[PDB]
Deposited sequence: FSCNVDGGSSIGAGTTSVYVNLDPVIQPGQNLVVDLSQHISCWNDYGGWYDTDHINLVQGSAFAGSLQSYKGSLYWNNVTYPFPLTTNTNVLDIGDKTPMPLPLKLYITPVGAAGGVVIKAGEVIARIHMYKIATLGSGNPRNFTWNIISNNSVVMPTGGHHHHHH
């Protein structure tokens, strides 16, 4: 099982930065959408649904540092969860070698967000089908490319 970010080199586990464009200006009523399907894709390393991968997001996934006070929602694979995540999400099954963009969106409710700032840490868990399933942990550190004001 492997993923990449913005079509980059393969990732089998660990923490990776994911850079996103955010609305440069917001008013207190406005909530920011962060469509992570535009950046993260994963695939089965055999294809053919032979040793199928099972992926979910993990309890404890949350906003980072400054935004710990923020509220939001996390859309994952047909369900919209409160964010930060207080439970593990449903499982997405990955069996094709053709990359699947992750069905993952984050909704977030002067300068409030800095470019280069980690705004959320999303923990993802993988376990396959054969043997022990060779479980792996991924963390996606979501970082804004730009300032967001007000």
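Participant: Which runs of the deposited chain sequence never show up in the coordinates?
Facilitator: Deposited residues absent from the model fall in 110-115, 157-166.
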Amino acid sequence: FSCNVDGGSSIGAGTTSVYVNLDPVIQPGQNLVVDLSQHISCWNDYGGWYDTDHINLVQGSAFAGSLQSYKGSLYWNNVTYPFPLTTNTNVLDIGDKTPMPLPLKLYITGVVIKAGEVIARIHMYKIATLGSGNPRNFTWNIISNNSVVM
From here on, numbers count along this sequence of modelled residues.
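For the two forms, the rigid core is made up of the largest set of C-alpha atoms that agree within 1.5 Å on superposition.
Participant: Please pick 125-133 or 20-28, whichever has its Cα atoms farther from the shown form in 8 other deposited structures of this protein after a rigid core fit.
Facilitator: Higher average C-alpha offset in 8 other deposited structures of this protein goes to 20-28.
Participant: After fitting on the rigid core, pick out whichever of 29-37 or 85-93 shows the bigger RMS C-alpha deviation in 8 other deposited structures of this protein.
Facilitator: Greater root mean square C-alpha distance in 8 other deposited structures of this protein: 29-37.
Participant: Between 23-31 and 113-121, point out the one with the higher average CA B-factor as the PDB entry records it.
Facilitator: Averaging CA B-factors over each stretch, the winner is 23-31.
Participant: Take the C-alpha B-factors listed in the entry for 62-70 and for 82-90, compute each mean, and give the stretch with the larger one.
Facilitator: Result of the comparison: 62-70.
Participant: Between 141, 9, 134, 137, let me know which has the highest C-alpha B-factor in the entry?
Facilitator: Highest C-alpha B-factor among the listed residues goes to 9.
Participant: Sort the modelled residues of this chain by their C-alpha B factor and say whether residue 130 lands in the lowest, middle or highest third.
Facilitator: It belongs to the highest third of the chain when residues are ordered by C-alpha B-factor.
Participant: Can you tell me which third, lowest, middle or highest, the CA B-factor of residue 42 falls into for its chain?
Facilitator: It belongs to the middle third of the chain when residues are ordered by C-alpha B-factor.
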